[PDB]
């Protein structure tokens, strides 16, 4: 029996804060140095472990191919290191929305946008023929279209330039995570719910496989199956803001239940898995032998989860239906590269969602985290929308330790880390910043911060294993681990006794 009052370190969970969006201007400039280093000081005073910042592709390689400028980000990291915080870098091969709302506009290298200018098919395309310019379609990962280099080669060269230019921070251990962007918002998914094309929650979304490079692939595949006459979904699949039932593809016993539907969804989902597999290999080769975690982000698509079609998840590329786990195979893939899974949604509660949405964020989180730990990989996460209430802090606290704390040692289930939405004035406001420091404490299980990177203490990155299209075994349905009902360590409460 444990000694009363003794809380083992294994229960500690790192907590990082995301820095303001344009902390480094679209122009490679780092302004307001003084101010920023005052917020960082407060953040550190709150017991935070570190921060997560976007290393924008459209800024570093702005001037031209292979010519990178790390000057600013260098000052930014030295500043952070000076305040005693660890660093989570996101390799952002995407655009940071430049919509009316003014929020800083950071596209991808402009010279790339000029190539797609005469070759739209480099972007993800819906069936109407709209082109999304925030990320490069996977249909061109292995295509030589960018001044000699292929999409994948551009990704490695970037991470490689980053590895060599940040070697000192990496040696010292200041950089703890390398979050590899695999699509829009840096997430391994299709751009199925583009706000720029008229999407509004809770539309089902749209399939994004109509660029020419992807189509050809679909044609070759449909022929080797003996059904050369099969086509991709059409008006039957509907549009961005449709409902599953107003559709013929997602209605109960609809087209997705068909041999042809299963063949399409299998193809579309595998295509996304393979895109992830290939990007993470380059990431593995670039960081092997270093003490740092590599992670891919998987978005949480909870709307329509309680509908037989799991429509929203399907358009995004996750083939998750009854009797078919569409997440587990991703996790086995990530397992291959000894990578961590970062799930970007876990503060939400089923009741905070309109009934009309068929949303089930909690049940989603359980399945995803369960299939991750079942394939022996570390799972990390963050919140989706900004929040400063105790309700949100408690939900996140539940998910970091589904079975509460373990007084006998490391818990049975535990997330390796959580990154908080974003640092801001509304947060640093005396009031909020108070509740916050409480949440950070509960995150550390009432322990004091430990700059020794306890737990997630970066382990040496191992060389990848070897794949096989044997992921299909991974889709076997399974019972998710049982979740506690409420948090063990609430921010404004006492020991519920479980």
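Residue numbers count along the first chain shown, from 1.
450 to 458 or 43 to 51, whichever carries the higher mean Cα B-factor | The stretch with the larger mean CA B-factor is 43 to 51.
Average Cα temperature factor in the PDB entry - higher stretch of 170 to 178, 222 to 230 | Higher mean C-alpha B-factor: 222 to 230.
When the CA B-factors of 102, 325, 259, 375 are compared as recorded in the entry, which is the largest?
-> Highest C-alpha B-factor among the listed options: 259.
In this PDB entry, which of 208, 299, 71, 366 has the top CA B-factor?
-> Comparing C-alpha B-factors across 208, 299, 71, 366, the top value belongs to 71.
Lowest, middle or highest third: where is residue 242 by Cα B-factor in its chain?
-> Middle third - that is where residue 242 ends up once the chain's C-alpha B-factors are sorted.
Going by what the PDB entry lists, where does residue 10 fall on CA B-factor within its chain: lowest, middle or highest third?
-> Middle third of the chain for residue 10's C-alpha B-factor.
Position of residue 25 among the chain's modelled residues by C-alpha B-factor, lowest, middle or highest third | Highest third, going by the recorded CA B-factors of the chain.
Is the Cα B-factor recorded for residue 464 in the lowest, middle or highest third of its chain?
-> It falls in the bottom third of the chain.
When the modelled residues of the chain are sorted by Cα temperature factor, does residue 404 land in the lowest, middle or highest third?
-> Its C-alpha B-factor, which the entry lists for residue 404, ranks in the lowest third among residues of this chain.
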